[PDB]
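Working notes, structure below.
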Amino acid sequence: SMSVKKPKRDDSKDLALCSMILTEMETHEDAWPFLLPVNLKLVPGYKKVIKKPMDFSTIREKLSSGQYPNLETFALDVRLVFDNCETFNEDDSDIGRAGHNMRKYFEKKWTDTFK
């Protein structure tokens, strides 16, 4: 509360470490469905159904231009990418499986890096 603060967590490396995690996600073989924004002209249903589209290129541009105020807002956009994928794709499809694999990959790096 006012003039009563918890001890300061060192957050000075967070930017660098989220960039590294994002590089590792970008270079995973199963990243291909997630590298670029879904083309809303060419994919029926996507625009109406997926209210907040997100992809790795968009996260990378946000990261590089100071649009994440902290590491939790970064993790929210990454998870959004997988949550969108589960909303639109059957679990037993190539893209559906890619999305489960990538989420697992991400969550491990996240835990090992920060928790």
Side-chain angles (χ1 to χ4, degrees), residues 1-7 9-12 14-114:
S1 73
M2 198 183 327
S3 310
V4 179
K5 283 301 159 335
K6 285 215 183 56
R9 204 204 147 245
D10 188 0
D11 63 344
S12 62
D14 287 356
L15 182 66
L17 290 161
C18 293
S19 182
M20 292 172 51
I21 293 170
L22 179 55
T23 293
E24 292 159 7
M25 279 193 307
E26 288 163 335
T27 59
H28 193 297
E29 65 165 286
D30 303 340
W32 59 267
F34 311 115
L35 295 175
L36 298 176
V38 171
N39 188 329
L40 301 182
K41 300 171 199 285
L42 304 186
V43 179
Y46 207 86
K47 193 171 201 304
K48 183 62 181 281
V49 169
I50 300 295
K51 300 309 181 179
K52 292 168 86 174
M54 184 59 52
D55 70 284
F56 294 168
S57 80
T58 300
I59 298 170
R60 168 70 68 196
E61 186 56 42
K62 288 179 64 167
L63 193 64
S64 293
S65 57
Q67 289 186 68
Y68 295 116
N70 55 55
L71 86 173
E72 303 308 332
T73 57
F74 171 76
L76 285 170
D77 268 357
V78 175
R79 292 168 181 149
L80 173 63
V81 173
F82 309 127
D83 291 349
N84 291 345
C85 181
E86 280 198 51
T87 296
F88 208 80
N89 293 269
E90 281 290 345
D91 294 348
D92 190 8
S93 59
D94 300 272
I95 293 171
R97 283 189 279 282
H100 292 294
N101 287 354
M102 294 303 308
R103 182 193 297 276
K104 184 85 172 178
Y105 191 74
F106 169 67
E107 291 305 347
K108 175 86 157 62
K109 306 280 182 186
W110 192 253
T111 293
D112 292 355
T113 302
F114 294 114

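Residue numbers count from 1 along this sequence.
- Atom CZ in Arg60 sits 10.0 Å away from atom SG in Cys18 (nearest 0.5 Å).
- Separating the CZ atom in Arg103 from the CE atom in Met25 is a distance of 11.5 Å, to the nearest 0.5 Å.
- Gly99 and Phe82 get closest at one heavy-atom pair: O-CD2, 3.9 Å.
- Not one N or O on the side chain of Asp94 forms a donor-acceptor pair closer than 3.5 Å with the backbone of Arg97.
- In the hydrophobic clustering, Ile50 connects to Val38, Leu40, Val43, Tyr46, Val49, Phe88, either directly or through intervening members, whenever side-chain heavy atoms lie under 4.5 Å apart.
- You'll find the side chain of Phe56 stays beyond 4.5 Å of the side chain of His28, heavy atoms only.
- Contact check for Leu80 versus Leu76: no side-chain heavy atoms found under the 4.5 Å cut-off.
- Within 6.0 Å of CD in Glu61 there are 12 or fewer heavy atoms belonging to other residues, nucleotides or ligands.
- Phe74 places none of its side-chain heavy atoms less than 4.5 Å from the side chain of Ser19.
- Closest heavy-atom contact between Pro44 and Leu42: CD-O, 3.3 Å.
- Here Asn89 pairs with nothing under the side chain to side chain donor-acceptor pair (under 3.5 Å) rule; sequence neighbours left out.
- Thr113 contributes atom OG1, which lies 4.0 Å from atom CD1 of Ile21 (distance to the nearest 0.5 angstrom).
- Distance check: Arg79 CZ to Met54 CE gives 14.5 Å after rounding to the nearest 0.5 Å.
- The nearest pair of heavy atoms linking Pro37 to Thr58 is CG-OG1, 4.4 Å.
- Put simply, the side chain of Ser93 gets close to the backbone of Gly96: a donor and an acceptor are under 3.5 Å apart.
- Salt-bridge formation is detected for the pair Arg9/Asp14: a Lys NZ or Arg NE/NH1/NH2 atom is positioned less than 4.0 Å from an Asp or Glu carboxylate oxygen.
- Criterion: ILVMFWY side-chain heavy atoms under 4.5 Å apart, direct or through other members. Under it, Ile95 and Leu35 are not part of a common hydrophobic cluster.
- Looking only at distances, no side-chain donor or acceptor of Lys51 sits under 3.5 Å from a matching main-chain atom of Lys47.
- Taken from CD in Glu86 to CG in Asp83, the straight-line distance is 6.5 Å, to the nearest 0.5 Å.
- With sequence neighbours excluded, the residues satisfying side-chain contact (heavy atoms from CB on, under 4.5 Å) with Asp91 are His100.
- Put simply, OG1 on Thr111 and CZ on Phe106 are 8.5 Å apart, with the number rounded to the nearest 0.5 Å.
- Using modelled atom types, one finds a donor on one side chain and an acceptor on the other under 3.5 Å when comparing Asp77 with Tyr68.
- Counting heavy atoms of neighbouring residues, nucleotides and ligands inside a 6.0 Å radius, atom CG of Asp92 does not exceed 12 of them.
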